[PDB]
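For reference, the chains in residue letters:
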Amino acid sequence: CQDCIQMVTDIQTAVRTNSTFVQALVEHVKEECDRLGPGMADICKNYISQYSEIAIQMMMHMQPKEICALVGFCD
Amino acid sequence: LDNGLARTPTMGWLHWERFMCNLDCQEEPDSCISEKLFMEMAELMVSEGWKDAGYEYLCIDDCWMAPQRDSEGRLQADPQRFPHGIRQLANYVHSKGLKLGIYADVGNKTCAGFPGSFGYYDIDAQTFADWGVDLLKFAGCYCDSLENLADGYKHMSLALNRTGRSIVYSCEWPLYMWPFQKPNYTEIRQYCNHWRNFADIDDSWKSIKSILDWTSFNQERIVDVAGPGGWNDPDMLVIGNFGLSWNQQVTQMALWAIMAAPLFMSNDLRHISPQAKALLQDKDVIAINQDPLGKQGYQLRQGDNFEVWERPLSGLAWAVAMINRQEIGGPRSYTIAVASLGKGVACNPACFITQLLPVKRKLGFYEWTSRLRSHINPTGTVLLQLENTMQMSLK
Amino acid sequence: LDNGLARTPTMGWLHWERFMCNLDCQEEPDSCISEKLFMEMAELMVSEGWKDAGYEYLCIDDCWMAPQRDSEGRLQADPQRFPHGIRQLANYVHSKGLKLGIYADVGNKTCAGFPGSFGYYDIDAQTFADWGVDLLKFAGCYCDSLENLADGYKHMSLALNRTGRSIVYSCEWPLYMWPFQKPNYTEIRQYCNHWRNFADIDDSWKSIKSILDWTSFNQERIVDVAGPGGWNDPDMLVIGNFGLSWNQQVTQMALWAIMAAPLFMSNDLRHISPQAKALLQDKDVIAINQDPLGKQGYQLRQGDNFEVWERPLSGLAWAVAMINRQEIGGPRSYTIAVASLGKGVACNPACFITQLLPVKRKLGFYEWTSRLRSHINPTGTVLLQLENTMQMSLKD
Ligand SMILES: *[C@@H]1O[C@H](CO)[C@@H](O[C@@H]2O[C@H](CO)[C@@H](O[C@@H]3O[C@H](CO[C@H]4O[C@H](CO)[C@@H](O)[C@H](O)[C@@H]4O)[C@@H](O)[C@H](O[C@H]4O[C@H](CO)[C@@H](O)[C@H](O)[C@@H]4O)[C@@H]3O)[C@H](O)[C@H]2NC(C)=O)[C@H](O)[C@H]1NC(C)=O
Ligand SMILES: *[C@@H]1O[C@H](CO[C@@H]2O[C@@H](C)[C@@H](O)[C@@H](O)[C@@H]2O)[C@@H](O[C@@H]2O[C@H](CO)[C@@H](O[C@@H]3O[C@H](CO)[C@@H](O)[C@H](O[C@H]4O[C@H](CO)[C@@H](O)[C@H](O)[C@@H]4O)[C@@H]3O)[C@H](O)[C@H]2NC(C)=O)[C@H](O)[C@H]1NC(C)=O
Ligand SMILES: *[C@@H]1O[C@H](CO)[C@@H](O[C@@H]2O[C@H](CO)[C@@H](O[C@@H]3O[C@H](CO)[C@@H](O)[C@H](O[C@H]4O[C@H](CO)[C@@H](O)[C@H](O)[C@@H]4O)[C@@H]3O)[C@H](O)[C@H]2NC(C)=O)[C@H](O)[C@H]1NC(C)=O
Ligand SMILES: *[C@@H]1O[C@H](CO)[C@@H](O[C@@H]2O[C@H](CO)[C@@H](O[C@@H]3O[C@H](CO)[C@@H](O)[C@H](O[C@H]4O[C@H](CO)[C@@H](O)[C@H](O)[C@@H]4O)[C@@H]3O)[C@H](O)[C@H]2NC(C)=O)[C@H](O)[C@H]1NC(C)=O
Ligand SMILES: *[C@@H]1O[C@H](CO)[C@@H](O[C@@H]2O[C@H](CO)[C@@H](O)[C@H](O)[C@H]2NC(C)=O)[C@H](O)[C@H]1NC(C)=O
Ligand SMILES: *[C@@H]1O[C@H](CO)[C@@H](O)[C@H](O)[C@H]1NC(C)=O
């Protein structure tokens, strides 16, 4: 619950500086798409090329404790 | 929907964000959900110029029903909170020159637990027609399959047509299908008057931010669908409430004017500040919302925590909104060439620019090669109206 | 820090939230970081009664320095934005009866790339003391190691003690220590007057939410540390800016009074609403914040989007803040037994309760077994002051 709060405050703070590491985070999750195996890897890369700039904006408005509660770590 | 209604965006009042599901009339009689509340609202809608400004649809959201249907299978209102019935309330609203709305659901139940209209589409459509109801807000809670959702929305769309009464059919059809389906909005325009796109608004700048970002992200699929008879509904106006700054209220009013949005108020008309009344009854902003061409605006550009939106208006005119999304600092300066506004024809060769929000002032003529510089408050929006050569030889 | 200063929480004015690092004085001369801005701020701190409320420390945040040090190794201001110097500006601040603050960093650079004070602690300490500086905000940007951070903060504290001038030393030590190590707050209280704990504020309600949630989470670490001499700095006050509603401003003022927080305004005194002026100059709320007992308040209860905070005050008085964190609907009722307030002794056997925020009214006497009922606006706070049987002829 609270470790998620620390990590999501860190991720929100790192783009609150407007460092444009959005590209670095999208590249990191695009690298994480290779964990799914060769079948779903390019499926994940296509689904993460779109719907990723908008989703981090919804997470940027969202309170970090609300992110942890909505994904199931707290409530 | 081809019913001859919502040719301009629907203006009115809804109770859900301010009053919610307040069933405790014993301790809170002045704020519980009752016909006394809507009759006081209908008195103030004429007495404070809300009817004169354009707001006409005094709609009712959830928590108006009895917990069970009657012995004939019809919906009935709560006997303690609505003793005189829905039809008498509708007659009182029509006597004040206004129109009345009501709420129902495609599911087994409504979103609060009150009975829904599944298996009762024709009966409930005829019930709302016999009561005199002019607007339906048809929710999509407790629906088990998307086929049942689409068939229920289409069944109610045809069943309200078979009544013969002019109704306004507000849908939550793309609201409860966006996590697992891309909506074919041609169907939704074919069967609805306006449709709720994203999640429910609350009294926060967070909801304004998220709704505007989702609308600007999906603007390639929802802007050209919007026209006279079919609108995109970004839920209610929360201006006049507790959790918005004045600049954020100006942002919501200006961007609802740009997006051709249905201006549904959710406030307390008994207790509203005069500044929120002056913002919500602004003639030159409602004129942008109720532009007869009815083409929805779009995000033109974004960057450096700045957003620029533009809406085409009727008569070679345009409406330009600029948002400072940087939530730290003071009034930030923004400069943009007016040759990039309105596909290069909005200021060819000269356009007059009149700022409407946050203050009403004129900014003089701008040629095609000129540049416009303005100052925008943080979490605020500067909204302006641009004319063209179609003006008198007097200046 | 036994420097004899910050016996009450420090009240004043900073510039980072409202004005930031505006260096383009040709296009925006009225809103850039120049000495004209601070001179006008001092004139309005005297003329508008900001001094009479308690705000005195007219402080400077980042972006005041020259890009290079002088030939003597000392710090210097920008020659264009500060043509007369820091010493003359400090004389202008002292001529109005106020106190002046300044900013520096423990690292090689400050947070804006301006020169820091690593290896220059004593030199810049005597430079500030000779200029007439009464307060230092010491940041921690561009610092390589935790040992360098701790030793530099201790070095700057010892140097400012060695100058002999009464300087209120504000630190950003546990802000930059927390992402790698649990901070030892006894040591931080030993070396600093007040210390920043959470990240930088902005003009948002979400920042107020996150600061209050972090303070309520770590309240077993930082509440008993706070007393006279040593306070916890959340961040600057943002009341009077563009991004908060009235109830959110009421929430921030009431909770900064509860948390025994430093009241550093960051706004435009040239352009401030009368409601924000009346809220920031509320006498009873400031008297709660400037209570001589110095005990920091704490979150008593959290549930159903309701937050109950309480602070012990001098003369067996108590301050109670109640927050409605539900951001939808109208005002919500809340009823709490007053025997649960103040460790059971606040209203034993009876207490007079006076609401102070959002409006000041007297709620009458309440017994020990009584239940207090109230209504809280969304994103708002009801603030109350409670007095036990330590009152005479005001009891009739
Ligand atoms: C550099 O750092 C040193 C080390 O801390 C500072 O020296 C301290 O200075 C403070 C000044 O406020 C001293 O505190 C005062 O002590 C007075 C009495 O002295 C003795 O009293 C008893 C024994 O009789 C001891 O408990 C005490 O420690 C002393 O031995 C008190 O009367 C003072 O109280 C008054 O001020 C306080 C505010 O601090 C008020 O709250 C009170 O109500 C009252 O009005 C005060 O407590 C302290 O003793 C010094 N310590 C040492 C070790 O020297 C330097 O001041 C500092 N210099 C700079 C420039 O920063
Ligand atoms: C309103 O509610 C009704 C039912 O009422 C509620 O549901 C019951 C489960 C029970 O709790 C009641 O007490 C309660 O009040 C909903 O009607 C149901 O709709 C589903 C649709 O999925 C039907 O399920 C289907 O039944 C077929 C035979 O009747 C069967 O062939 C189907 O199987 C196929 O599909 C499934 C996929 O779900 C698959 O797993 C199978 O292998 C097979 O391919 C399927 O089971 C129920 O029978 C209906 N119930 C009744 C009583 O008729 C109704 O949908 C709901 N309305 C809304 C808008 O939500
Ligand atoms: C049930 O659904 C049917 C659709 O199958 C729907 O029938 C439609 O009714 C509208 C009435 O508003 C018709 O629209 C009119 O068409 C005529 C030409 O035949 C035009 O002259 C009309 O234009 C005038 O009115 C407009 C305002 O609506 C103005 O904008 C305009 O400038 C003119 O003044 C008008 O467009 C439409 O043609 C039919 N559609 C079909 C297929 O017949 C019916 O109304 C629905 N019933 C209920 C109760 O909802
Ligand atoms: C401001 O900038 C200056 C200039 O960069 C900086 O000073 C430098 O600090 C580093 C700290 O890492 C010093 O590097 C050390 O040098 C000593 C010899 O003098 C070595 O023994 C050290 O090696 C150990 O540590 C390494 C990890 O850093 C290990 O990899 C290694 O195996 C050893 O265990 C280390 O290299 C450097 O000498 C100074 N340079 C000068 C000119 O002082 C200063 O720290 C910066 N200040 C701030 C606040 O950031
Ligand atoms: C949305 O879906 C409908 C299907 O329900 C599509 O409408 C069909 O369009 C074709 C045109 O080639 C017609 O032949 C069909 O009769 C239509 N279907 C119905 C049920 O009338 C529609 O094209 C889809 N929208 C978009 C934008 O593709
Ligand atoms: C914190 O510092 C003080 C004095 O510097 C010391 O007495 C105390 O033991 C320290 N705390 C820890 C946990 O080491």
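**Observations regarding the domain arrangement of chain C**
Residue and element names in this part refer to chain C. Looking at the assigned domains, one finds that chain C contains domain 1 (11-289) and domain 2 (298-387). When each unit is reduced to the centre of its C-alpha atoms, the spacing between domain 1 and domain 2 is 31 Å. Roughly 2100 Å² is buried in total at the junction of domain 1 and domain 2, and carbon and sulfur atoms are behind 62% of that figure. Viewed at the interface, domain 2 and domain 1 are joined by three salt bridges. At the junction of domain 1 with domain 2, the criterion picks out 12 residue pairs in polar contact. Looking at which element gives the most residues to the side of domain 1 that touches domain 2, the answer is helix α10 (residues 246-258), with eight residues. Tallied by class, the residues present in the side of domain 1 that touches domain 2 amount to 13 nonpolar, eight polar and four charged.

**Things to note about the site of ligand 2**
Residue and element names in this part refer to chain B. All residues in the neighbourhood of ligand 2 are listed as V106, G107, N108, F118, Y142, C143, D144 and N148. Within the complex, the protein chains bury 21% of what would otherwise be the 1100 Å² of accessible surface of ligand 2. Taken together, the residues that form the shell around ligand 2 break down as four nonpolar, three polar and one charged.

**Describing unusual backbone geometry**
The peptide bond linking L357 of chain B to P358 of chain B adopts the cis configuration, its omega dihedral lying at 0°. Along the polypeptide, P358 of chain B turns up in the loop between β13 (350-357) and β14 (361-367). Cis peptide bonds are those with omega within 30 degrees of zero, and the linkage from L357 of chain C to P358 of chain C qualifies with 0°. Here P358 of chain C lies in the loop between β13 (350-357) and β14 (361-367). Within the chain, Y142 of chain B stands out as a residue other than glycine whose phi angle is a positive 55°. As for its placement among the helices and strands, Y142 of chain B is situated in the loop between β4 (135-139) and α6 (146-161). Among the residues examined, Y142 of chain B registers a relative accessible area of 47% and is labelled partly exposed.

**Quick notes on the sheet that holds β13 of chain C**
Residues and elements named next belong to chain C. Reading across from one edge, β9-β10-β11-β16-β13-β14 is the order of the six strands in this open sheet, with antiparallel pairing throughout. The sheet terminates laterally at β9 (298-303) and β14, the two strands that pair on one side only. Between one strand axis and the next, the sheet turns by 20° as a mean value, whatever way the strands run. Along the sheet face, helix α8 (residues 205-217) touches β9, β10 (306-312) and β11 (317-324) and points at about 65° away from the line of β10. On the sheet, α10 packs against β10, β11, β13 and β16 (380-387) and is oriented at approximately 35° with respect to β16.

**Structural notes on the domain arrangement of chain B**
By a frequent convention, interface size equals the accessible area lost on bringing the separate parts together. Residues and elements named next belong to chain B. For chain B, the assigned domains are domain 1 (12-289) and domain 2 (298-386). Summarising the inter-unit geometry, the C-alpha centres of domain 1 and domain 2 are found 31 Å apart. Facing 24 residues of domain 1, the contacting portion of domain 2 comprises 23 residues. Between domain 1 and domain 2, roughly 2000 Å² of surface is buried when both sides are summed, and carbon and sulfur atoms account for 65% of that area. Its salt-bridge partner being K209, residue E327 comes within 3.0 Å of it at the nearest N-O pair. At the junction of domain 1 with domain 2, the criterion picks out 10 residue pairs in polar contact. Mapped by element, the contributors of at least two residues to the side of domain 1 that touches domain 2 are α8 (205-217), α10 (246-258) and α12 (283-289). Per element, the largest residue contribution to the side of domain 1 that touches domain 2 is eight residues, and it comes from α10. A per-class count over the side of domain 1 that touches domain 2 returns 13 nonpolar, seven polar and four charged.

**Describing the interface of chain C and chain B**
Contact with chain C, which involves 28 residues of that partner, is made by 28 residues of chain B. Buried area between chain C and chain B, both sides added, is near 2100 Å², and the carbon and sulfur share of it is 51%. Applying the counting rule to chain C against chain B returns one salt bridge. With a closest N to O distance of 2.5 Å, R373 of chain B and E27 of chain C form a salt bridge. Across the side of chain C that touches chain B, the residue classes break down as seven nonpolar, 12 polar and nine charged.

About the cut-offs
Residues numbered from 1 in each chain as written, not as in the entry; some residues may be left out. Chains lettered and ligands numbered in written order. Heavy atoms only, no water. Residues with missing side-chain atoms left out of burial classes, pairs and counts. Domains from an automatic or database assignment. Buried area = accessible area lost by both parts, 1.4 Å probe. Salt bridge = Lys/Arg side-chain N within 4 Å of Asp/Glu carboxyl O. Polar contact = N/O pair within 3.5 Å; in protein donor to acceptor, adjacent residues only side chain to side chain. Helix = DSSP H or I, 4+ residues; strand = E, 2+ residues; numbered from the N terminus. Nonpolar A, V, L, I, M, F, W, Y, C, P; charged D, E, K, R; others polar. Near = heavy atom within 4 Å. Areas by Shrake-Rupley, 256 points an atom, 1.4 Å probe, with all protein chains shown as cover. Buried < 20%, exposed > 50% of the residue type's maximum accessible area, 1.4 Å probe, protein only. Pairing = 2+ DSSP bridges. Axes fitted to C-alpha atoms, helices over the stretch in contact; angles between N-to-C directions. Contact = heavy atoms within 4.5 Å.

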